Amino acid sequence: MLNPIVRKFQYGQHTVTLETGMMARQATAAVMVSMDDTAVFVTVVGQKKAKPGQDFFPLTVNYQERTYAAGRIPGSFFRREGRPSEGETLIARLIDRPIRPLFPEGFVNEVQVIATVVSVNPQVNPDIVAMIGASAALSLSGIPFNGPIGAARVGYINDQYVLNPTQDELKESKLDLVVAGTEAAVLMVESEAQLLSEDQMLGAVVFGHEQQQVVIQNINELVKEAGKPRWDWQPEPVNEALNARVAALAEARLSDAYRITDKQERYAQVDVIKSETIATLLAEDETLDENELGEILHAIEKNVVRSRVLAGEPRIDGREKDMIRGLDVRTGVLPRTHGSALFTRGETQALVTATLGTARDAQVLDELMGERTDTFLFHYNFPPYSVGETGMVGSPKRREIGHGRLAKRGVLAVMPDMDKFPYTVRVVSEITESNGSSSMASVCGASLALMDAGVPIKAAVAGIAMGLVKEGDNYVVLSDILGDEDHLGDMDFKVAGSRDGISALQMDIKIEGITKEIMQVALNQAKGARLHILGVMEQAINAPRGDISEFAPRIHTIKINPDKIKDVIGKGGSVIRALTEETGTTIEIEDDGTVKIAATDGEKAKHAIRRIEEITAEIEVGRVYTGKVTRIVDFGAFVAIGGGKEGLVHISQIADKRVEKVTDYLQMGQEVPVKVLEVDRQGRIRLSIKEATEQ
Amino acid sequence: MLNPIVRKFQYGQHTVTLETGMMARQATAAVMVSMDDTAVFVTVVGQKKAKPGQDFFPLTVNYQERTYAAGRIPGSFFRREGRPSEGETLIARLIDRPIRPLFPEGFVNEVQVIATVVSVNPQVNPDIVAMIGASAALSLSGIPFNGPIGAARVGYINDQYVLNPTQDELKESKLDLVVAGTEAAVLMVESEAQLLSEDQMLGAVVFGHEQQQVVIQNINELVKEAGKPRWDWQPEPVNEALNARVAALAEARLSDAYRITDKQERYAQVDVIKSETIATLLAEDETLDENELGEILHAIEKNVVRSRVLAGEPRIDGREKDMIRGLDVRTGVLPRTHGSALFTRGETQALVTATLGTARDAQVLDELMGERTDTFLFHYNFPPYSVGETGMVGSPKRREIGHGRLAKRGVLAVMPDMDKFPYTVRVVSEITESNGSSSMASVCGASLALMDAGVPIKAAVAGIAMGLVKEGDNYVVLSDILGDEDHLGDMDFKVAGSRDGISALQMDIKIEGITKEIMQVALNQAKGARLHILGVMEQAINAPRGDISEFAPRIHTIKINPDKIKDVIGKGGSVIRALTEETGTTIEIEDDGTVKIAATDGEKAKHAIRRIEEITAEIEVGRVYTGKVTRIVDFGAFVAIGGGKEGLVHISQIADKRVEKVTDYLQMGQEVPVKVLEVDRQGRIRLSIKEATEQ
Amino acid sequence: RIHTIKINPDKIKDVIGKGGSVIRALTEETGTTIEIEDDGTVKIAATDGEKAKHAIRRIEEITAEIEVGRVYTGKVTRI
RNA sequence: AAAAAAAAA
């Protein structure tokens, strides 16, 4: 017999129902969390024996949208769900980022969270349910986990926040925000606004968290009811003796080594002190593990840099907290792309290039909720020759498919509606040099490129990453944090919007609790920095160009009869294939008879128009048709005319005189007007050269 | 001028042509076997030096169907043969399963059998030829190998077995089983039958074996002719000292531990026993191999459990050999899937979900034999958390692609014929905890889910996995064998049929010398256990639900006049495309008048059928024909009523005198009755107002 | 391969049928694609020589111009 | 012989 421990509550309008104990009894824990007929079956399995000699914590969070949820057989040719799509990868990252800061420091047991989506309802998005499920499953398992973590989505409708808006409500809403936080404080935010002021976004975050408190309480109750006993796990007791021994020698020398302004001399000096210290550490005692010493060194570096930045001393870069790294924007770097730009800030650099296309190229996304065509593709490539180290290129890693979406959220607030711009922009942005905040450089460069290729966007957008270092009650906010600063910093929060309003937020706090006022101060400082960046960006190019680049495919529209569209299709499309191959353009066919002529140069466009027009032109009374007989035989020569309908001039219809041979009657290259009297349906159109040859 | 060695023999109606020595000389041994113009080129490469510290036999059997065999350029966009399809993986497992228990124990040199298909007569299926080829190759190579193995594919027609039928016959046979065994015993059997009684199945097995004795004899002849000298490979002699100091010190204690009925106490006891034995033996000598120590320990405990079950003592579970594990059955566990079930037996369970789709989703796979459309998809998912360990979710491994086909072979016997039920059932079963006999749990859950979603299958169907332990003349046969028992047990059955007859008989014996009487007894016990499981299943769901779920797309078929399809539809598909884009349903037509209406809503299907009846409106006596005339011209009154139905209203039928303005006597938009006088060949339709106003 | 035969242009309508029932029935029977032009030139495209022979024979039975000395199978259906 | 335009581219 099976004993399903169910526990259901009320969240917003729907009724979440946690249900554990019935399935996957062999995994460490598994709950089937269902909200309003949308069910996600999260399961955790974490090994007990720590891998001998591990350095980084290997938590992986697969997320699978099984397409038998909506009730459809998949569309792929193998007719089976395969490699995870971009949406599923993004939602896996969204599940991953809240929990990882919660696993206690020094934990290195493999842990895997495989949250599938068994059944979906088009009104309720699954991802929020999957997040609740991952939190509940982890809390049940007894793996060392600091807290249950609620998840909420907030929408802005008619100036009142709504919790967990349904998709139909979401279309109306200005802001779509996901706030996931523990009982103590916000843990992550991943938003996409529509140029709201910073106060509205902060209100949204605080509202979402204050509300999801309920999910937290109820998951806690479930854990108390039907959970497993907590693991007996203790962190590695800190070897105070070795740490203090290494510190007594390294503290002052490394403090002064980091005090000096020049970066690379400090690099060399700290590396040589590192080699000296590790050589002594080995020579005095071989048994001491190298990774322990490396952890010690990381601790010393983090401690000294944090102590410095807290006191107000200049950062490792040499800038003040407010100062942004110097920028240099360039446009038209690439010769033949529809529009390109190169946004170099400090060391982070991005070569963004925007290319227009016609409606045939818009991505057609088949996801669980419903079918959807996307007409703004943003791709973000992070090649390994950026950081400075070799590495195999390949399919885009998870972080690239996350930052693509982030930059796309950043830019989507300002793109023009399709009726005003009948194109499908695709923006790529390779990162040639990365030193921190690559995605926001990509947002800036995308604004630049779009402004250059001629898209009539509303106003330039710009993104500036930020940081936070807080100890006790002493806190100081940072701007344009380098990567080295980010590792030491306690929070990284990325705001990207126009001067008027915020287009995209993506906080990721990691330590203790951040009071609302702290977030407010950080957001305001970010507004200032972003205004400065936008000024500099405006210095280069301030208004989008007059028209698209000459290479860009212009749009020409012709009207033809509804039967004519089938005529131009032909067998499987042979006529349109031949037309595109002979003309070199791109033709779109609609059932109402509209024709879309898309070609770069106007000459190819008019070429296509004429070539199609001859076949579209119906043979008209009085107007003679241009026909060339392709084959002549002794018993008659038929003048092939085209259009699927050929009129044959039988040997008995030419003249009453005995036609002896067509060669002396019709010669090779005899282009003569033919008098057509009518258009018949019997398949035997009457042609007559006799009346045209009389004069 | 190298010379091949050719030996050809009769094998049923087909003739087989073994041939070696001409190609692939540098491979260890290669044999091109051709049967009746189907040729499969099998080659085997065997390394000579065992990899150091190798523990498991790394034999890997590949199999590639080169689509230039049938004489066709590949379909795929790259015009090149892609990764192995599901069929090729299936036949790879087919070739693999018989020849793995045949290599001697302790052989660990890598071996690879690559079987290519170079020319395929669309009648003779290749798999049998490839199996004969792999047997001939291995037995030719001189890699240590017990015996050449023959393959047959017995069919069942007119209650008479037939050897190795062709596709044309196979469309009429009830049972197709690939009994491939050496001369001594039937090594492997894989079956698919339409509810044949067990006795017929076992008769087919024994007949196939008696027949393929021929291939055995002649492969032996060819090996004696043109073989290679056998490798000099000797098994590692067992170390009597280690065996004695483990046995005489611990084996009695392990026997007493396995006497304990409880699982967990016994676990703890065997743990402390093995730890104590290891500790004392290393205290005696440290250089003693811990790996070999544990290996001998595992051998000891295997011997203990085998002796226990042989004596007739209760098994590790505590069940008697006959009784099945516990059961629990739930149906409709997911909210929005078309049908679902959760078949949980003992500690092996499966979440099956059947999802109906319209006829456009049927997987169309291109095989060498000929393009075949598949309208029943079974998919088997074995995620890692099921067995309790973390792993790498990804593309389905080989064992899944095998068990999916097994379960589909088990269910296909009972699914309805396409005329009675026109859909595209796709069944997905995800194992959530597996401890032996997972695939048969999947078959049970699939029968349940199908019965839930509302398909009218002919009868419920269930599966049980038998196990056999045999020593000398003493043999005991188990039921619902656990995962742990299976390795220790010798042979494995998987019977899966309705109460009336068997449907799948996959079996995989290892020991040599099982009389057919033993298999008869085993199948009898399996019939008993399967009747029991079906009795339990009968409680939850009795008969298939009358109506499919409201979420299901509903397909409605109407018959129409096949001649009138050209009159109402017309050329070019204009009106059909218009109707499919206005109603959003899919419409097709047959030469007889068969037309299917498929739409995810009932009311939409009603709208579509209304439109079809309006366009296909006959001439109903007494029904009012409404025409809306908005403008009048001198030639007539143009009225748009669809279907090209337009008649020219003559001026002489309006009034006797010349009408100066038509609107004085005929009103605009006024309903005029129109009775058809006759339907001419040229589509001439005339309207009659005068005779229709009064009648 | 592509098989080309020249048939009298006027007799195509005897065998084409109303709405093309005969031609499509024959193609689905022989598994090939037949092509006919207003000049009566019959184009048989096939994926095999054997299907080519099958289709071409079936064309000879009906589609071929009426030949003297060709026997016609006449069966009464009702007395 | 009824019909835009390719994971198986």
# chains A, B, ... in the order shown; residues from 1 in each chain; ligands from 1
>>> residues_around(residues="segment 560-569 of chain B", least_positions_apart="6", cutoff="9 Å", atoms="only C-alpha atoms (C1' of nucleotides)", output="PDB file with N, CA and C atoms (P, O5', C5', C4', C3', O3' and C1' of nucleotides), in the first residue's frame")
ATOM      1  N   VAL B 575     -10.680  26.393 -51.823  1.00  0.00           N
ATOM      2  CA  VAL B 575     -11.681  26.382 -50.763  1.00  0.00           C
ATOM      3  C   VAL B 575     -11.239  25.507 -49.600  1.00  0.00           C
ATOM      4  N   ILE B 576     -10.479  24.440 -49.859  1.00  0.00           N
ATOM      5  CA  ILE B 576     -10.034  23.609 -48.746  1.00  0.00           C
ATOM      6  C   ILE B 576      -9.032  24.370 -47.888  1.00  0.00           C
ATOM      7  N   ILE B 589      -9.106  14.342 -48.276  1.00  0.00           N
ATOM      8  CA  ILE B 589     -10.136  13.710 -49.091  1.00  0.00           C
ATOM      9  C   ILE B 589      -9.579  12.431 -49.702  1.00  0.00           C
ATOM     10  N   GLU B 590     -10.470  11.477 -49.955  1.00  0.00           N
ATOM     11  CA  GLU B 590     -10.150  10.246 -50.660  1.00  0.00           C
ATOM     12  C   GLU B 590     -10.905  10.196 -51.982  1.00  0.00           C
ATOM     13  N   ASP B 591     -10.512   9.237 -52.824  1.00  0.00           N
ATOM     14  CA  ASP B 591     -11.198   9.041 -54.095  1.00  0.00           C
ATOM     15  C   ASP B 591     -12.615   8.523 -53.898  1.00  0.00           C
ATOM     16  N   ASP B 592     -12.889   7.885 -52.758  1.00  0.00           N
ATOM     17  CA  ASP B 592     -14.217   7.346 -52.491  1.00  0.00           C
ATOM     18  C   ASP B 592     -15.153   8.357 -51.843  1.00  0.00           C
ATOM     19  N   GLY B 593     -14.617   9.380 -51.184  1.00  0.00           N
ATOM     20  CA  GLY B 593     -15.448  10.342 -50.486  1.00  0.00           C
ATOM     21  C   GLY B 593     -15.197  10.357 -48.993  1.00  0.00           C
ATOM     22  N   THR B 594     -14.140   9.674 -48.563  1.00  0.00           N
ATOM     23  CA  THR B 594     -13.754   9.672 -47.161  1.00  0.00           C
ATOM     24  C   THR B 594     -13.025  10.965 -46.828  1.00  0.00           C
ATOM     25  N   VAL B 595     -13.506  11.670 -45.809  1.00  0.00           N
ATOM     26  CA  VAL B 595     -12.897  12.918 -45.370  1.00  0.00           C
ATOM     27  C   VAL B 595     -12.920  12.965 -43.850  1.00  0.00           C
ATOM     28  N   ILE B 615     -21.408  23.855 -48.333  1.00  0.00           N
ATOM     29  CA  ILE B 615     -20.786  23.873 -49.654  1.00  0.00           C
ATOM     30  C   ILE B 615     -21.227  22.662 -50.466  1.00  0.00           C
ATOM     31  N   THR B 616     -21.423  21.517 -49.814  1.00  0.00           N
ATOM     32  CA  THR B 616     -21.893  20.304 -50.463  1.00  0.00           C
ATOM     33  C   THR B 616     -23.409  20.163 -50.410  1.00  0.00           C
ATOM     34  N   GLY B 643     -19.607  28.432 -53.888  1.00  0.00           N
ATOM     35  CA  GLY B 643     -19.559  27.244 -54.719  1.00  0.00           C
ATOM     36  C   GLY B 643     -19.692  27.498 -56.201  1.00  0.00           C
ATOM     37  N   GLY B 644     -19.437  28.725 -56.651  1.00  0.00           N
ATOM     38  CA  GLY B 644     -19.558  29.033 -58.062  1.00  0.00           C
ATOM     39  C   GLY B 644     -20.961  28.934 -58.607  1.00  0.00           C
TER      40      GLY B 644
ATOM     41  N   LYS C  18     -12.994  11.317 -65.929  1.00  0.00           N
ATOM     42  CA  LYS C  18     -13.523  12.544 -65.347  1.00  0.00           C
ATOM     43  C   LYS C  18     -12.852  12.805 -64.004  1.00  0.00           C
ATOM     44  N   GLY C  19     -12.264  13.990 -63.858  1.00  0.00           N
ATOM     45  CA  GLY C  19     -11.571  14.353 -62.640  1.00  0.00           C
ATOM     46  C   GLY C  19     -10.301  13.562 -62.416  1.00  0.00           C
TER      47      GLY C  19
ATOM     48  P     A D   2      -4.983  18.247 -59.500  1.00  0.00           P
ATOM     49  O5'   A D   2      -5.765  19.278 -58.571  1.00  0.00           O
ATOM     50  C5'   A D   2      -5.086  20.082 -57.618  1.00  0.00           C
ATOM     51  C4'   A D   2      -5.955  20.336 -56.411  1.00  0.00           C
ATOM     52  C3'   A D   2      -5.744  19.394 -55.233  1.00  0.00           C
ATOM     53  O3'   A D   2      -4.675  19.797 -54.393  1.00  0.00           O
ATOM     54  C1'   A D   2      -8.049  19.524 -55.729  1.00  0.00           C
TER      55        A D   2
END
>>> residues_around(residues="residue 9 of chain D", least_positions_apart="4", cutoff="9 Å", atoms="only C-alpha atoms (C1' of nucleotides)", output="mmCIF file with C-alpha atoms, in the first residue's frame")
data_model
loop_
_atom_site.group_PDB
_atom_site.id
_atom_site.type_symbol
_atom_site.label_atom_id
_atom_site.label_comp_id
_atom_site.auth_asym_id
_atom_site.auth_seq_id
_atom_site.Cartn_x
_atom_site.Cartn_y
_atom_site.Cartn_z
ATOM 1 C CA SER B 76 18.538 13.851 -44.152
ATOM 2 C CA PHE B 77 19.501 17.417 -44.985
ATOM 3 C CA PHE B 78 23.203 16.576 -44.913
#
>>> atom_distance(atom1="atom CA of residue 155 of chain B", atom2="atom CA of residue 198 of chain B")
14.9 Å
>>> select_by_dssp(residues="segment 386-489 of chain B", states="strand (DSSP E or B)", output="VMD selection string")
chain B and resid 426 to 433 462 to 464 467 to 471 474 to 478
>>> interface_residues(of="chain A", to="chain C", cutoff="12 Å", atoms="only C-alpha atoms", output="number ranges by chain")
A: 631, 633, 635-640, 644-650, 682-685
>>> write_last_selection(atoms="N, CA and C atoms", output="CSV table (one decimal), in the first residue's frame")
chain,number,residue,atom,x,y,z
A,631,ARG,N,9.1,23.1,-80.2
A,631,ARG,CA,9.3,21.9,-81.0
A,631,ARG,C,8.5,22.0,-82.2
A,633,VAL,N,7.3,19.6,-85.6
A,633,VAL,CA,7.2,18.2,-86.1
A,633,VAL,C,6.5,18.3,-87.5
A,635,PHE,N,3.9,16.9,-88.6
A,635,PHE,CA,2.4,16.9,-88.5
A,635,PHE,C,1.8,18.0,-87.7
A,636,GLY,N,2.6,19.0,-87.4
A,636,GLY,CA,2.2,20.2,-86.6
A,636,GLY,C,3.2,20.7,-85.6
A,637,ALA,N,3.2,22.0,-85.4
A,637,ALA,CA,4.0,22.6,-84.4
A,637,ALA,C,3.1,23.4,-83.5
A,638,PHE,N,3.3,23.1,-82.2
A,638,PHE,CA,2.5,23.7,-81.1
A,638,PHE,C,3.3,24.8,-80.4
A,639,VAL,N,2.7,26.0,-80.3
A,639,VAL,CA,3.4,27.1,-79.7
A,639,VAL,C,3.1,27.1,-78.2
A,640,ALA,N,4.1,26.6,-77.5
A,640,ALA,CA,4.0,26.5,-76.1
A,640,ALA,C,4.0,28.0,-75.5
A,644,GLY,N,0.7,26.9,-67.5
A,644,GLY,CA,0.0,25.7,-67.3
A,644,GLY,C,-1.0,25.3,-68.3
A,645,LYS,N,-1.4,26.2,-69.2
A,645,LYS,CA,-2.4,26.0,-70.2
A,645,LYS,C,-1.8,26.4,-71.6
A,646,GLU,N,-1.7,25.4,-72.5
A,646,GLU,CA,-1.1,25.5,-73.8
A,646,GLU,C,-2.1,25.4,-74.9
A,647,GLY,N,-2.1,26.3,-75.8
A,647,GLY,CA,-3.0,26.2,-77.0
A,647,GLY,C,-2.3,25.6,-78.2
A,648,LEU,N,-2.9,24.6,-78.8
A,648,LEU,CA,-2.2,23.8,-79.8
A,648,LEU,C,-2.8,24.2,-81.2
A,649,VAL,N,-2.0,24.4,-82.2
A,649,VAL,CA,-2.4,24.8,-83.5
A,649,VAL,C,-2.2,23.5,-84.4
A,650,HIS,N,-3.3,22.7,-84.4
A,650,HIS,CA,-3.3,21.5,-85.2
A,650,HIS,C,-3.1,21.8,-86.7
A,682,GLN,N,-11.7,23.8,-72.4
A,682,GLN,CA,-11.5,22.5,-72.8
A,682,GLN,C,-10.1,22.0,-73.0
A,683,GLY,N,-9.1,22.9,-72.7
A,683,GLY,CA,-7.7,22.6,-72.9
A,683,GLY,C,-7.1,22.8,-74.3
A,684,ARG,N,-7.9,23.3,-75.2
A,684,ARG,CA,-7.4,23.5,-76.6
A,684,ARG,C,-7.6,25.0,-76.9
A,685,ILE,N,-6.8,25.8,-76.4
A,685,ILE,CA,-6.8,27.3,-76.7
A,685,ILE,C,-6.5,27.5,-78.2
>>> interface_residues(of="chain B", to="chain A", cutoff="7 Å", atoms="only C-alpha atoms", output="count of residues only")
21
>>> residues_around(residues="residue 51 of chain C", least_positions_apart="2", cutoff="12 Å", atoms="only C-alpha atoms (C1' of nucleotides)", output="VMD selection string")
chain C and resid 1 to 3 26 to 34 44 to 49 53 to 58
>>> residues_around(residues="residue 674 of chain A", least_positions_apart="5", cutoff="9 Å", atoms="only C-alpha atoms (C1' of nucleotides)", output="number ranges by chain")
A: 623-627, 687-692
>>> write_last_selection(atoms="N, CA, C and O atoms", output="CSV table (one decimal), in the first residue's frame")
chain,number,residue,atom,x,y,z
A,623,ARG,N,-5.1,41.8,-77.2
A,623,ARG,CA,-3.7,41.8,-76.9
A,623,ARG,C,-3.1,40.5,-77.3
A,623,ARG,O,-3.5,39.5,-76.8
A,624,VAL,N,-2.1,40.5,-78.2
A,624,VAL,CA,-1.5,39.3,-78.7
A,624,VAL,C,-0.4,38.9,-77.7
A,624,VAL,O,0.3,39.7,-77.0
A,625,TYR,N,-0.3,37.5,-77.5
A,625,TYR,CA,0.6,37.0,-76.6
A,625,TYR,C,1.9,36.6,-77.3
A,625,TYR,O,1.9,36.2,-78.4
A,626,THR,N,3.0,36.7,-76.6
A,626,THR,CA,4.4,36.4,-77.1
A,626,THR,C,4.6,34.9,-76.8
A,626,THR,O,4.9,34.5,-75.7
A,627,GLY,N,4.5,34.1,-77.9
A,627,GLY,CA,4.7,32.7,-77.8
A,627,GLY,C,5.8,32.2,-78.8
A,627,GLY,O,5.8,32.6,-79.9
A,687,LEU,N,-5.0,29.4,-81.2
A,687,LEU,CA,-4.1,30.3,-81.6
A,687,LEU,C,-4.1,30.5,-83.1
A,687,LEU,O,-4.5,29.5,-83.8
A,688,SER,N,-3.8,31.7,-83.6
A,688,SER,CA,-3.9,32.0,-85.0
A,688,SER,C,-2.9,33.0,-85.4
A,688,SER,O,-2.9,34.1,-85.0
A,689,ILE,N,-1.9,32.5,-86.2
A,689,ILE,CA,-0.9,33.5,-86.8
A,689,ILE,C,-1.4,33.9,-88.2
A,689,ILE,O,-0.8,34.9,-88.7
A,690,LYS,N,-2.5,33.3,-88.7
A,690,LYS,CA,-2.9,33.6,-90.1
A,690,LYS,C,-3.3,35.1,-90.2
A,690,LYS,O,-3.0,35.7,-91.2
A,691,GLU,N,-4.0,35.6,-89.2
A,691,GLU,CA,-4.5,37.0,-89.3
A,691,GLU,C,-3.3,38.0,-89.2
A,691,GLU,O,-3.3,39.1,-89.7
A,692,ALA,N,-2.3,37.6,-88.4
A,692,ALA,CA,-1.1,38.5,-88.2
A,692,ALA,C,-0.1,38.4,-89.3
A,692,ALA,O,0.6,39.4,-89.5
>>> closest_atom_pairs(of="chain D", to="chain A", cutoff="9 Å", atoms="only C-alpha atoms (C1' of nucleotides)", output="JSON lines")
{"residue": "D:3", "atom": "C1'", "partner": "A:566", "partner_atom": "CA", "distance": 6.3}
{"residue": "D:4", "atom": "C1'", "partner": "A:589", "partner_atom": "CA", "distance": 5.4}
{"residue": "D:5", "atom": "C1'", "partner": "A:573", "partner_atom": "CA", "distance": 6.6}
{"residue": "D:7", "atom": "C1'", "partner": "A:76", "partner_atom": "CA", "distance": 6.1}
{"residue": "D:8", "atom": "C1'", "partner": "A:77", "partner_atom": "CA", "distance": 6.3}
>>> write_last_selection(atoms="N, CA, C and O atoms (P, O5', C5', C4', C3', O3' and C1' of nucleotides)", output="PDB file, in the first residue's frame")
ATOM      1  P     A D   3      -3.383  18.859 -54.215  1.00  0.00           P
ATOM      2  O5'   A D   3      -2.720  19.366 -52.858  1.00  0.00           O
ATOM      3  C5'   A D   3      -1.347  19.739 -52.806  1.00  0.00           C
ATOM      4  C4'   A D   3      -1.162  21.233 -52.951  1.00  0.00           C
ATOM      5  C3'   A D   3      -1.937  22.090 -51.951  1.00  0.00           C
ATOM      6  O3'   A D   3      -1.223  23.302 -51.684  1.00  0.00           O
ATOM      7  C1'   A D   3      -2.651  22.599 -54.139  1.00  0.00           C
ATOM      8  P     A D   4       0.385  23.376 -51.780  1.00  0.00           P
ATOM      9  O5'   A D   4       0.748  24.734 -51.036  1.00  0.00           O
ATOM     10  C5'   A D   4       2.098  25.048 -50.728  1.00  0.00           C
ATOM     11  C4'   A D   4       2.428  26.480 -51.066  1.00  0.00           C
ATOM     12  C3'   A D   4       3.877  26.894 -50.862  1.00  0.00           C
ATOM     13  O3'   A D   4       4.711  26.526 -51.947  1.00  0.00           O
ATOM     14  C1'   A D   4       2.451  28.506 -49.888  1.00  0.00           C
ATOM     15  P     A D   5       5.461  25.105 -51.951  1.00  0.00           P
ATOM     16  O5'   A D   5       5.625  24.740 -50.411  1.00  0.00           O
ATOM     17  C5'   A D   5       6.732  23.961 -49.972  1.00  0.00           C
ATOM     18  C4'   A D   5       7.804  24.823 -49.349  1.00  0.00           C
ATOM     19  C3'   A D   5       7.511  25.301 -47.930  1.00  0.00           C
ATOM     20  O3'   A D   5       8.742  25.430 -47.221  1.00  0.00           O
ATOM     21  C1'   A D   5       7.728  27.169 -49.355  1.00  0.00           C
ATOM     22  P     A D   7      13.389  21.283 -41.230  1.00  0.00           P
ATOM     23  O5'   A D   7      12.684  20.434 -40.083  1.00  0.00           O
ATOM     24  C5'   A D   7      13.182  19.158 -39.709  1.00  0.00           C
ATOM     25  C4'   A D   7      14.381  19.275 -38.804  1.00  0.00           C
ATOM     26  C3'   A D   7      14.659  18.074 -37.916  1.00  0.00           C
ATOM     27  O3'   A D   7      15.383  17.059 -38.587  1.00  0.00           O
ATOM     28  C1'   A D   7      14.765  20.057 -36.632  1.00  0.00           C
ATOM     29  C1'   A D   8      17.082  14.416 -39.076  1.00  0.00           C
TER      30        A D   8
END
>>> closest_atom_pairs(of="segment 502-574 of chain A", to="segment 445-461 of chain A", cutoff="8 Å", atoms="only C-alpha atoms", output="Markdown table")
| residue | atom | partner | partner_atom | distance |
| --- | --- | --- | --- | --- |
| A:534 | CA | A:461 | CA | 7.2 |
| A:537 | CA | A:448 | CA | 7.8 |
| A:538 | CA | A:460 | CA | 7.9 |
| A:541 | CA | A:451 | CA | 7.8 |
| A:543 | CA | A:451 | CA | 6.9 |
| A:544 | CA | A:451 | CA | 4.5 |
| A:545 | CA | A:454 | CA | 4.9 |
| A:546 | CA | A:454 | CA | 6.5 |
| A:547 | CA | A:454 | CA | 5.4 |
| A:548 | CA | A:454 | CA | 4.7 |
| A:549 | CA | A:453 | CA | 6.2 |
>>> write_last_selection(atoms="C-alpha atoms", output="compact mmCIF listing (two decimals), in the first residue's frame")
# COMPACT_ATOMS: atom_id res chain seq x y z
CA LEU A 534 24.04 56.73 -22.04
CA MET A 537 26.90 56.48 -26.08
CA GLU A 538 24.77 59.35 -27.36
CA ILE A 541 25.17 58.46 -32.65
CA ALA A 543 19.16 59.18 -33.58
CA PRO A 544 18.64 56.06 -35.71
CA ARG A 545 19.74 56.38 -39.31
CA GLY A 546 17.30 57.53 -41.95
CA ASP A 547 16.80 54.20 -43.71
CA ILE A 548 18.15 50.68 -43.59
CA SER A 549 21.48 49.89 -45.19
>>> interface_residues(of="chain C", to="chain D", cutoff="7 Å", atoms="only C-alpha atoms (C1' of nucleotides)", output="PyMOL selection string")
chain C and resi 19-21+23-24
>>> atom_distance(atom1="atom CA of residue 408 of chain B", atom2="atom CA of residue 159 of chain B")
24.3 Å
